[PDB]
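Analysis of the macromolecular model
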Amino acid sequence: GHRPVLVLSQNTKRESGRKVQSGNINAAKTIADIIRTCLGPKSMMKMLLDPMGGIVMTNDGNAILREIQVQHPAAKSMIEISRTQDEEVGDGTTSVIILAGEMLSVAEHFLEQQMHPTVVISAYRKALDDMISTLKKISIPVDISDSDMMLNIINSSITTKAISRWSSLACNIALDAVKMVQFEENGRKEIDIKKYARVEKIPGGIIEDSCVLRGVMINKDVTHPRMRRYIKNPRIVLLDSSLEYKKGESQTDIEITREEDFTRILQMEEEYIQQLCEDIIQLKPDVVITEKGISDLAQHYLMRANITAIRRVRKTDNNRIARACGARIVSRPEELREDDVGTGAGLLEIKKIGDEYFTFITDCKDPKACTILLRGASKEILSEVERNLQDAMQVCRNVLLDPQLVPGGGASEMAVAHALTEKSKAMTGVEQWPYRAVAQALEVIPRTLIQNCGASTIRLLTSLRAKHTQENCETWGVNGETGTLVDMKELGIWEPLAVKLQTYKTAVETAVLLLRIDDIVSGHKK
Amino acid sequence: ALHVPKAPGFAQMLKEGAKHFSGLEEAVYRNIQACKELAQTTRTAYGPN
Amino acid sequence: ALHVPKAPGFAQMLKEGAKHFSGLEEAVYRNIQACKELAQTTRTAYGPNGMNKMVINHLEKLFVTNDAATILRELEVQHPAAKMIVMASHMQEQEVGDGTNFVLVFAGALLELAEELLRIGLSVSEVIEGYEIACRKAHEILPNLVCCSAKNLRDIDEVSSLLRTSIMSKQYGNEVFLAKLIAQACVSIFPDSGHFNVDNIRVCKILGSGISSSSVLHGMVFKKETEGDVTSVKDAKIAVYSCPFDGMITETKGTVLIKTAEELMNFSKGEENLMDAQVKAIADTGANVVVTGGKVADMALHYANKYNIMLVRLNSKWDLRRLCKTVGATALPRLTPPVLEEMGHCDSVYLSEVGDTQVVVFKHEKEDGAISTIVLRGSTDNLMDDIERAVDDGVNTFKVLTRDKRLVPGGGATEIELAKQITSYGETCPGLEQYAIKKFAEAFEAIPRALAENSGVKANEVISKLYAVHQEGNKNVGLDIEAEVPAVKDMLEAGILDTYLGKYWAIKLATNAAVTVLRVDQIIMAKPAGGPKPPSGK
Amino acid sequence: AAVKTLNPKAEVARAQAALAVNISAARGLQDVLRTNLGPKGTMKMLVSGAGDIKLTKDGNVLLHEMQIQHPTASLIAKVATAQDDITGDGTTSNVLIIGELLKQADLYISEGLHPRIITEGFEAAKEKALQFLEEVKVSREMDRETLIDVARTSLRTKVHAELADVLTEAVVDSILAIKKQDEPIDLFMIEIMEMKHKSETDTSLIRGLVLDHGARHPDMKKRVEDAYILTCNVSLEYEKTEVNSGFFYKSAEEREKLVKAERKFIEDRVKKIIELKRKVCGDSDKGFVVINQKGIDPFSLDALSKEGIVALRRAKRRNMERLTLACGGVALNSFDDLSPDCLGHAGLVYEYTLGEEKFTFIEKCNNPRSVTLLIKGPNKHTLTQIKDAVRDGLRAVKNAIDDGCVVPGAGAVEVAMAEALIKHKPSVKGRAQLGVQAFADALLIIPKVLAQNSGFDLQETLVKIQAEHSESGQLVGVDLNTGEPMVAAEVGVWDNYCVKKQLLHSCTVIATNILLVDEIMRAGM
Amino acid sequence: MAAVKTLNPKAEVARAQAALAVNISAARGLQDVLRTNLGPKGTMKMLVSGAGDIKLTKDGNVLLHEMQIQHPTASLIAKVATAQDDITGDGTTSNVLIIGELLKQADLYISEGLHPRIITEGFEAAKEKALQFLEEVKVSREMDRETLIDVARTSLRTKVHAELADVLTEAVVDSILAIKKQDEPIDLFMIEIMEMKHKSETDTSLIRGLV
Amino acid sequence: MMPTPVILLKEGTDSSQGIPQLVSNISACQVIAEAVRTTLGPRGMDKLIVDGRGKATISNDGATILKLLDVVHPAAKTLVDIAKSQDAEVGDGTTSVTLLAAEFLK
Ligand SMILES: Nc1ncnc2c1ncn2[C@@H]1O[C@H](COP(=O)(O)OP(=O)(O)O)[C@@H](O)[C@H]1O
Ligand SMILES: Nc1ncnc2c1ncn2[C@@H]1O[C@H](COP(=O)(O)OP(=O)(O)O)[C@@H](O)[C@H]1O
Ligand SMILES: Nc1ncnc2c1ncn2[C@@H]1O[C@H](COP(=O)(O)OP(=O)(O)O)[C@@H](O)[C@H]1O
Ligand SMILES: [Mg+2]
Ligand SMILES: [Mg+2]
Ligand SMILES: [Mg+2]
Ligand SMILES: [Mg+2]
Ligand SMILES: [Mg+2]
């Protein structure tokens, strides 16, 4: 016997000192190196094996990072910041990771050179503030009324994905969807593309046939074949309550003693259904769409009035239809009003694609919701196309909200680095060295672009750095396709200011978070 | 769609317990890291102090 | 240099338990070998001199029989080419009812000769084309080989003679008696209308007195006992009910709501009076026998006993429907008295003791009726099962005769004549298909060879004599099994005949199975699973 | 590796390893599926884990039923699944073209070339090839002969010659029967019914419906000559109240009264049906058939059979529309207001019994817009193979009717496409000409595989065909009986234009995406 | 799965196209490993034994012995390279590369249904023609000191560092010229190779005697 | 015999064919007859059979003794079946049927 006595429980480890900092920085560098080669217009794609047996062939950094599992907590923090960048702005996920990895890599030097992490953190925060100032300075305005400028911005956003082959069609689709989704009510502007901009993937066909509809498409068919599958100018009526006969909430029981009470009860059930159908018909609609089941007898009474019925649509699909055709979902048909009747859909067609029926409510006038019908080679191709379309729509929304633009291809990075170095020339304290280190660490984006392009990093980067020292060279970047220095006033690669601001903020703050950390303790039970 | 097979050629012909590190990142950086670690272990015994 | 790695490509991507067979040697020859093995297993039970086989299935149920279809069914066949040949045999059994062993033997012979042709140089496609051409030629020749027709199916003696050949292959020792039994049973059935139903023939197996004590009854026999006191009637007026012999109740929910003492005291008396009135109303129509498909109430049983009414409870709805057919009644869904047209009639219903089991007999006297039953006596359950299989074969033969009345000589005469004619045709066909046609002709030799081997004589002498006699011009000469030496005799005179449809369908199905097996070039077997069978198969 | 450093139990293939793995998988799939192409191909035999036998020749079925656990194989299987779902043909050609594109690309990648240039060449070659395919298509009025030719060119590749000949007539007649002018063809209106009692050549087309269920009452007539069809979706069995009624009685007489009075609701609808039947046909000459999507209890069955009415219960949901289009009635969900004008008409209704299963035939319809295909065979695998073949044939005929054009087959179209691509190659700038050449060589795989399956050699047959095409300019294919060049237009070897376009698009897209994959991970655990 | 497996169930067999695939895959793997060795611009390889001994080399034969390979075709190619090294002492990497490329080019046509026998016949004819061309193209020169220095450089530069190779050139040329007798075979056993571990790598030299 | 990678019957299937299996069947019938041989005649003797649960059965009836024996030999079970048949049809002679049948076979 005599079991050992000790302060902390077993399986409780603890390491401290330079080892923890080095391990955290190495984990961040490994996370960066995982997706270092997936940046730029010449990025290669990666194939990821889902544990559930799926395959994710993707170029996006966030999907790659979220599809892998790590044990080191610093890698978990890096994945979390990647997800945060993806959610906040939409793109820039594989740039912020690289930036954070480089910043931690250059901070490791000062950590090893007897400098306390707090000084490094203060220098990092001053550098971040000056980066924000420089980006706000070098930005240019954009008028959202010019469709060509918006298309160019979306193209520059999607030149690095696999959809650059059909870039023109993709940009048109994304811009149209964002414009359709844009809404304002009660003075509250709203661009909510995660609910009212739906992407539907139907494998087969050709990618060139993909388009955005002026309406909503659902995978539903008429309840009864006698119903019309083609109505010219339908009057939409939406419901979210069953058209059947159902038990009440209170516990209720009948007690039948007379002979004719059973038939009377059944007849009153039928009459209740008939009354509901008559209440619906009194508005004289053309179709009825419900989120809950519709009884066969109700279907008969609806067909008697020449009304097409769709049985069970989802909540989100019903909301999209309401936004598109101008209807208003109601629960009790007794309280139906003419305002709730959905007029504005220019055509309702129920056609067959492949071996399945699909319902189209397209041709709407002024629709506030849309569906993007994607057709392609297979499921994974369509998934990647959908991810690229999400990136494009997020970029379009960011530009619509924040109409300033900054040069791409590392031109902004080099301009900010040069401005930071010029400002650091004036400081005299010990904080200047980490400040300049961050300034030059910001140059990783053009270096990675040159490395991915296959060109030589050293001389190209040196020439670019020399070029940025002149009076007006803030728009000089690199070609990701030819490996040459070009003015981005000519190449036309521009990025939203919000995306760059979010990227720099997230990278610097992740570096700050991982610099503060020491004395890792693990193994304790909840 | 649940396992990544070894690439045909040298990867398959490699012995059971052997290891093969090739390229810059896999070999040169790892060797530099190991040498840095050794120097770090020995560093604190340098000089009169 | 101590291991051979798997070849890159499909070999490495194959699953752990899967097997892949490609080419001639790995797939076609192996399938031919498996089919040959199956044919060899079933070969020894062919013909009248075939020997029974004891087969123990996975449930330790013992089967002793010489029926090829049953033997294949009870065998755990795992090779899938043999599985295809077994499906062909079972399809032959379902379509015709006899000739399954012929199908298996012909398929095996065809596949062996195809293997020989493939070895000598012929391609698979050429062999398949030649086999199809020879099968078409054989189907063209076959109608010309018909020697006689049934020409009458209402006769007892002639139908017995027709079915004697069919039921001589199984139960060789005593086939005349079974011929008389099955002929009487089938002649009672098969009314003026041409349609004949196999299901109308019932078989009841009762242990004890040997198969020579079996008989045919123009009615139905049920192995149970009467519910009431009455055990025999003479002028039965059966009223068949599909409902339980009890007062029907509500389908929603029954609740006796009592609110006064008088209702409580009167409820049981009223219910009993209602039951008595219903039973008396049923009896007043003249019905002295009542058959019900459900539970029998005690009060209903008492009141049926009071009015001298026979009660019989048939659990199976198939039995109730068959009784309705054989008596001439309709199963009333409620307990209302039957009107004159829906009250069945039987010449005698009584409780009887046969051997050990208690039976209820619905017996007619006139030699007709919708359903007739055959009671099988014997000393062993397996023996009666074999006799039942023979009876099924005879009934299927009678049904085929009703379908088509043409007959062909048996005992290998038809096979030998077909082989001779197909060889003569193939000798005149130029090109590589002549080898396939000749091999298809030679495959017909497997039937007389199997018969000669089973009878204990030398097959080569029998086949040589058959060719000699057929070349002389006698097309109705086959093997003579009643001899200790290879000998032949005219089989039209001997009365040994085979159904034309049986031979036609057997040849067609065997050729189709052989061609289908030959068409296979690659096999990809998944890893065997220990799953509890597909849900559809139950 | 970085991933293995972060996750020790993770599998990684990077740089040339990923390309080698993907190309090896594609080559293995291609090698397996080479023998499928063409009518001279070899039947594959598939045994499942439960011992079920599957005889097939389709690329998609083979892909689904091979015991393969490879990622690239999964991607190609999904591509072929989409190909089959939309067009219904070209899966084997899909796999062959993907594998040959990957092999030809590797032939240049192994010499230091970068995959991006190959992908650019592939894109340019695909654009030119689509232009040429648009140029070469034959716009024709789809009469019966052309549809028969297309159905033959599908079914002969799928099944035996005589079976294909029968299925051609069956499929073409069925499609022409259900087809409405300037209206999309609905393939749900063709029942594919299986029966297992005759030879494979007994498959035929019935101008009506075949139902896998018959009358459940023995007293109902088994054959009705002149019938009136009442297609309904009304429950004719006892239904309990939704609100938990229950019965309360104080004596046996009240129990009897409540038992008699609880059937009144269903009895009313049965009486309505009986009154309609009596009014419509006052004699015994005409018949009355009731097909119900819901159950019919024995009481209603007896009540109907006492009036000489054949009642079928638990019919299929699509059978409502099938009977409405074929017989010509109105599917009723309630008997509130039923009139003789909603009754369908059938010129013959009879029941066929097969073993323990029963079937109902509804033939001699006036103008059946929906028909059925009766698949007959002695085995289950034969039935499955015939069903797959008729699916392929129906898809081919529907595609031929939809797209008014049709493309010459027998390998001519891709030979001409490759020659045009070679001619156009100098117009491509840079080193994308290597990708264009690889695309042309990959397109040339189909005549090669056809030559092998016919028993010939690639080099001689291919050079003969290409020389004939260059000298004459016609669309010359592969004669699988002699190997000589042959113009597929006269002999009637046709291919679907949509199938070729989908093949080009999907193969190019998937090959480009696979070639650009440089790193494979399995690190989700 | 084959005839052999029936007689011996525990047998591994590769037949027909599988045999060619296995052999060509092994040859291509060996070629891919040994591509980086060729030329003075080749890359040094680190070879660590089971005991932990470190060997740095770029020699093809030395690498072939130290590769952790257990393939039959690799064994055959290693035997061929060993014979090359034993008799001539150079060209092992060239052997591996040429064999791999020969097999790859042959497969490039074999995959098109061509029989390997025709390829082998073409190989024999091409080998005869190439031997004739090699005979006519050779440069017969009087082996003075400069030519021997050039040959020694062309070998050592591809074997070691440029400066060390430069020193070893004079070392080896002077040794050979010292032990060589006129119109007699050269006995390489008469050149002692002794290792000392106390100076820099450029301190190696030749001694007119014995150590 | 050869391994035959794909086998026809399920693995573990036992097949016996020819004269030896018939002789074995006759021997099994002899063994079955011997178990009830001494229960015949006025000088017969009783047999005590104990089941798995420990309950004993003492009987001179041949059919009872044969039924209490757990005979699994397919050919030997025919003697038990005919003894039960004789018991059902007649009720006496269950010992004589087995002796007669086994003696015929011998
Ligand atoms: N044609 C181009 N030439 C040079 N650089 C480009 C080009 N297109 C995009 N870039 C640069 O590539 C970056 C986008 O790469 P991407 O893979 O989208 O990374 P992220 O997903 O982090 O945005 C942008 O910062 C932009 O400056
Ligand atoms: N008395 C007989 N003499 C000669 N041959 C006979 C006689 N009776 C039947 N046969 C032959 O035996 C064959 C029947 O074999 P059988 O055991 O019934 O196999 P299956 O059940 O598959 O038909 C018939 O082809 C017939 O020619
Ligand atoms: N009678 C024929 N003669 C020559 N070539 C043919 C003939 N029939 C079909 N083909 C060619 O063979 C190919 C058959 O391909 P198939 O096996 O149907 O593959 P998939 O099912 O994937 O379409 C077609 O591309 C067609 O061009
Ligand atoms: Mg981006
Ligand atoms: Mg028989
Ligand atoms: Mg096809
Ligand atoms: Mg050398
Ligand atoms: Mg006694």
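As stated in the entry header, the method of structure determination is cryo-EM and the reported resolution is 2.9 Å.

Scanning chain D from terminus to terminus reveals 19 helices and 20 strands. The dimensions of chain D, computed from C-alpha atoms along their principal axes, are 100 × 65 × 40 Å. Once local pairs closer than 6 in sequence are excluded, the contacts in chain D between residues at least 24 apart make up 76%. Here chain D displays about 19100 Å² of accessible surface, and carbon together with sulfur accounts for 48% of that area. Here chain D contributes 69 positively and 75 negatively charged side chains, and the mean placements of these two sets differ by 4 Å.

Here the focus is the site of ligand 3. Residue and element names in this part refer to chain D. Of all residues adjacent to ligand 3, which total 19 residues, the nearest are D89, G90, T92, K158 and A410. For ligand 3, an oxygen atom lies 3.3 Å from a polar atom in the backbone of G38. Between an oxygen atom of ligand 3 and a main-chain N or O atom of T92, the distance comes to 2.7 Å. Contact with the protein chains removes 89% of the 580 Å² of surface that ligand 3 exposes when unbound. Sorting the residues of the shell around ligand 3 by element identifies α5 (91-109) and α7 (144-158) as the ones contributing at least two each. A total of three residues in the shell around ligand 3 trace back to one element, the largest contributor, which is α5. Its residues assigned to classes, the shell around ligand 3 comprises seven nonpolar, nine polar and three charged.

With that settled, the discussion passes to the packing of aromatic side chains. In the structure shown here, the tally under the stated rule is 17 aromatic pairs over all chains. Measuring from ring centre to ring centre gives 6.3 Å for C:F190 and C:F196, while their planes differ by 70 degrees; the resulting arrangement is edge-to-face. Residues C:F190 and C:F196 agree in their burial class; the two are buried. Both rings, one in D:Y350 and one in D:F361, keep their centres 5.0 Å apart while their planes meet at 5 degrees; by these two values the pair is stacked. Highlighted residues: D:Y350 in strand β13 (residues 348-354) and D:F361 in strand β14 (residues 357-363), separated in sequence by 11 residues. Put simply, the rings of C:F102, C:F106, C:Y131, C:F440 and C:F444 pair up and form one aromatic cluster. One residue, C:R406, lies across the ring of C:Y500, its end atom 4.2 Å from the ring centre. Above the plane of the ring of D:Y497 lies D:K137, whose end atom (NZ or CZ) is 4.7 Å from the centre.

Contacts between the two partners involve 71 residues from chain A and, on the opposite side, 67 residues from chain D. Summed over both sides, the interface between chain A and chain D buries roughly 6200 Å², with carbon and sulfur atoms accounting for 59% of that surface. Of all residues in chain A, A:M44, A:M47 and A:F262 bury the most surface against chain D, accounting for 11% of the area lost on that side. On inspection of chain A and its partner chain D, the count reaches 11 salt bridges. Linking D:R269 and A:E270 is a salt bridge whose minimum nitrogen-to-oxygen distance equals 3.9 Å. Elements with a minimum of two residues in the side of chain A that touches chain D: α1 (18-35), β2 (45-49), β3 (55-58), α9 (261-281), α10 (296-304) and α12 (379-401) of chain A. Sort the elements by how many residues they give to the side of chain A that touches chain D and α9(A) lands first, with seven residues. Of the residues belonging to the side of chain A that touches chain D, the class tally is 31 nonpolar, 18 polar and 22 charged. Where β2(A) meets strand β20 (residues 517-522) of chain D, four bridges bridge the pair, whose relative direction is parallel. Across the sheet, the residue bridging to A:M45 is D:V517, located in β20(D).

With that settled, consider the nonpolar core. Ranked by internal contacts, the top residues of the largest apolar core, which has 179 residues, are A:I236, A:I321, A:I372, A:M393, D:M66 and D:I520. Beyond its immediate chain neighbours, meaning those up to four positions away, A:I321 contacts A:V216, A:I218, A:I236, A:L238, A:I289, A:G326 and A:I361. Judged by nonpolar contacts, the second largest core, of 84 residues, contains C:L145, C:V408, C:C429 and C:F440.

What follows covers the arrangement of the chains. There are 11 pairs of chains in contact here; the most contacts are made by chains A and D. Nowhere do chain A and chain E come into contact; their C-alpha atoms are at least 19 Å apart. The two units chain D and chain F remain apart, with a minimum C-alpha distance of 12 Å.

What follows covers empty space enclosed by the protein. Computed from the structure, the largest cavity encloses a volume of approximately 110 Å³. D:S93, D:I97, D:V413, D:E414, D:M417, D:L443, D:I446, D:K500, D:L503 and D:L504 are the residues that line the largest cavity. Breaking the lining of the largest cavity down by element, the ones donating at least two residues are α5, α14 (412-424) and α19 (497-515) of chain D. If you add up the space inside the second largest cavity, you get close to 90 Å³. Lining the second largest cavity, in full, are A:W166, A:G205, A:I206, A:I207, A:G376, A:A377, A:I381, A:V385, D:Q502, D:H505, D:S506 and D:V509. Looking at the lining of the second largest cavity element by element, the count peaks at four residues for α19(D). Looking at side-chain class alone, the lining of the second largest cavity contains seven nonpolar, five polar and no charged residues.

Attention now moves to the packing of α5(D) against α19(D). Residues and elements named next belong to chain D. Their axes nearest at 9 Å, the elements α5 and α19 cross at an angle of 40 degrees. Judged by the angle between their axes, α5 and α19 are oblique. As α5 runs across α19, the sense of the crossing is right-handed. Contact residues: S93, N94, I97, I98, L101, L102, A105 and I109 in α5; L503, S506, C507, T508, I510, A511, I514 and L515 in α19. Classifying every residue of the contact of α5 with α19 by side-chain character gives 12 nonpolar, four polar and no charged.

Residues and elements named next belong to chain C. Neighbouring residues of ligand 2: 20 residues in total, closest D98, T100, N101, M168 and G411. A distance of 3.2 Å is found between an oxygen atom of ligand 2 and a side-chain nitrogen or oxygen belonging to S169. When isolated, ligand 2 has an accessible area of 570 Å², and the protein chains bury 95% of it. The leading source of residues in the shell around ligand 2 is helix α5 (residues 100-120), at three residues. Within the shell around ligand 2, the residues separate by chemical class into nine nonpolar, seven polar and four charged.

With that settled, the discussion passes to the side chain of A:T371. Residue and element names in this part refer to chain A. The topology assignment puts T371 in strand β16 (residues 370-376). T371 gets classed as buried once you look at its relative accessible area, which sits at 1%. When neighbours within four sequence positions are excluded, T371 is seen to be in contact with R198, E200, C211, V212, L213, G215, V216 and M217.

The next thing to look at is the UniProt feature "binding site: ADP" in chain D. Residue and element names in this part refer to chain D. Here, the residues flagged by UniProt with the feature "binding site: ADP" are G38, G90, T91, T92, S93, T157, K158, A410 and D495. From the set just named, the residues that line the largest cavity comprise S93. Every residue in contact with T157, bar those within four places of it in the chain, is listed here: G38, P39 and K57. Secondary-structure assignment places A410 in the loop between β16 (405-408) and α14. Residue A410 is classed as buried on the basis of its relative accessible area of 13%. The contacts of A410, once residues within four sequence positions are left out, are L450, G477, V478, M486, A488, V493 and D495.

Rules of the game
Residues numbered from 1 in each chain as written, not as in the entry; some residues may be left out. Chains lettered and ligands numbered in written order. Part of a larger assembly, values for the part shown. Heavy atoms only, no water. Residues with missing side-chain atoms left out of burial classes, pairs and counts. Helix = DSSP H or I, 4+ residues; strand = E, 2+ residues; numbered from the N terminus. Contact = heavy atoms within 4.5 Å. Areas by Shrake-Rupley, 256 points an atom, 1.4 Å probe, with all protein chains shown as cover. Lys, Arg positive; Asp, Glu negative; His and termini not counted. Charge placed at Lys NZ, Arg CZ, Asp CG, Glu CD. Near = heavy atom within 4 Å. Polar contact = N/O pair within 3.5 Å; in protein donor to acceptor, adjacent residues only side chain to side chain. Nonpolar A, V, L, I, M, F, W, Y, C, P; charged D, E, K, R; others polar. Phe/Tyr/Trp six-rings, centres within 6.5 Å; stacked < 30°, edge-to-face > 60°. Buried < 20%, exposed > 50% of the residue type's maximum accessible area, 1.4 Å probe, protein only. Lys NZ or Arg CZ within 6 Å of the ring centre and 35° of its normal. Buried area = accessible area lost by both parts, 1.4 Å probe. Salt bridge = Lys/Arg side-chain N within 4 Å of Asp/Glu carboxyl O. Pairing = 2+ DSSP bridges. Core = buried A, V, L, I, M, F, W, Y, C linked by side-chain atoms within 4.5 Å. 1 Å grid on protein atoms, 1.4 Å probe; cavity = no way out; pocket = protein on both sides within 12 Å on 5 of 7 lines; lining within 4 Å. Points joined across faces, edges and corners; volume = space filled by probe spheres on them. Axes fitted to C-alpha atoms, helices over the stretch in contact; angles between N-to-C directions. Parallel < 35°, antiparallel > 145°, perpendicular 65-115°, else oblique. Left-handed = near helix turned anticlockwise from the far one by under 90°. UniProt positions renumbered as here; feature names shortened; annotations may be inferred.

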